[PDB]
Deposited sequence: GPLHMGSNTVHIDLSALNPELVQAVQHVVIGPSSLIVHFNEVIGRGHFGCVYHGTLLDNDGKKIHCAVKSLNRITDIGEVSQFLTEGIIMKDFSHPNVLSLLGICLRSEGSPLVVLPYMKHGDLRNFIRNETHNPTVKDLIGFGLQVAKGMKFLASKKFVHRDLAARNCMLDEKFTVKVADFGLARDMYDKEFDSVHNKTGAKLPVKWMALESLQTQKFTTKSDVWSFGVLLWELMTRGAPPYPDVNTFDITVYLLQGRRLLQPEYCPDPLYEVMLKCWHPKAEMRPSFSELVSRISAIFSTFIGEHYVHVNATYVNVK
């Protein structure tokens, strides 16, 4: 009732545009939306699940939490909409440039080594923020990072917005060695995923490990193998990737140390080096 109020949006304030789908998910669809009080453009996820007395309240809990995760590099919640008609709708700010994987794959764009590391740096700061609240993402990947009108990168795909959106149910190519072996996740397993994220950035969104079977990944990693240095990835940034993929989670750098190190590397690049898609990775599912 009273305390919950800063989250809740009235059904009367929300116009969901059901004709205009943004994204398909296991747990519902995403559509453009219009929020009022003024016309604010938003994205609106419909959740199929809802009917429980508990889980309508429980989706109120993560709503409160998500509202407390405001940081420029983290995707925030506008509100939740509790409709007596059918389902509850998660209302998210609208991200002009959509997801980071598709932004860098788009062959109409010309990012430089500087822009790409800048994006990597922005994710590192969101994750630093998340990690400091003791929150483990479990599914960090370029596709799950958003990019707004000012080129702010927002770490996304957590809380009530959590799904698998890509065209099996575990994203094995981004998962740390120990998560694959024990199914358990920590900040240090997000650091591994983050390393794979920097690789996607430096390859402008190539699928990691194209030659490698999804069920063979553990054996691949235990044989001595890692993602190659991308053509345009600086040495010191590749060194950072390798550190993120240390086999022992304690030895991996913290997100604090990632922001500090990547900053150093960022401060040296000035938009002289244009990044272009590599021949081997181009057009691969």
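S.K.: Pop the missing stretches of the deposited sequence into a list, counting residues from 1 and keeping sequence order.
M.R.: No C-alpha coordinates exist for 1-21, 59-61, 192-201.
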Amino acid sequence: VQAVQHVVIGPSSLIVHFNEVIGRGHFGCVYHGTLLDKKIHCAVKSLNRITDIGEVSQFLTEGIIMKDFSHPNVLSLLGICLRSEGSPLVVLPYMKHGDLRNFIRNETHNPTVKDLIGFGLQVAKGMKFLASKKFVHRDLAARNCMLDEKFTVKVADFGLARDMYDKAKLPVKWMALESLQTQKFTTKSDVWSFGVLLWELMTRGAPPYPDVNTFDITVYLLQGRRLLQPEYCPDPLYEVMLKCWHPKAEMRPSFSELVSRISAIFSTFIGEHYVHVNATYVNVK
From here on, numbers count along this sequence of modelled residues.
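S.K.: Comparing 209-217 with 112-120, which has the greater mean CA B-factor as deposited?
M.R.: Of 112-120 and 209-217, the stretch with the higher C-alpha B-factor average is 209-217.
S.K.: Quick one: higher average CA temperature factor, 96-104 or 77-85?
M.R.: The entry gives the higher C-alpha B-factor average to 77-85.
S.K.: When the CA B-factors of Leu222, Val259, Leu227, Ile40 are compared as recorded in the entry, which is the largest?
M.R.: Comparing C-alpha B-factors across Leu222, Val259, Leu227, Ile40, the top value belongs to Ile40.
S.K.: For the CA B factor values reported in this entry, which option in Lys134, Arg162, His137, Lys188 has the top one?
M.R.: The C-alpha B-factor peaks, among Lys134, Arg162, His137, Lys188, at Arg162.
S.K.: Comparing against every modelled residue in the chain, figure out the third that the C-alpha B-factor of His71 lands in (lowest, middle or highest).
M.R.: For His71, the deposited C-alpha B-factor lands in the lowest third.
S.K.: Looking at the C-alpha B-factor of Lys248, is it in the lowest, middle or highest third of its chain?
M.R.: Middle third of the chain for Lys248's C-alpha B-factor.
S.K.: Can you tell me which third, lowest, middle or highest, the CA B-factor of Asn144 falls into for its chain?
M.R.: Answer is lowest: the recorded C-alpha B-factor places it there.
S.K.: Test of reading the entry: by CA B factor among the chain's modelled residues, which third contains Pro171?
M.R.: Its C-alpha B-factor, which the entry lists for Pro171, ranks in the highest third among residues of this chain.
S.K.: By its CA B factor, does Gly33 count among the lowest, middle or highest third of the modelled residues in the chain?
M.R.: Middle third.
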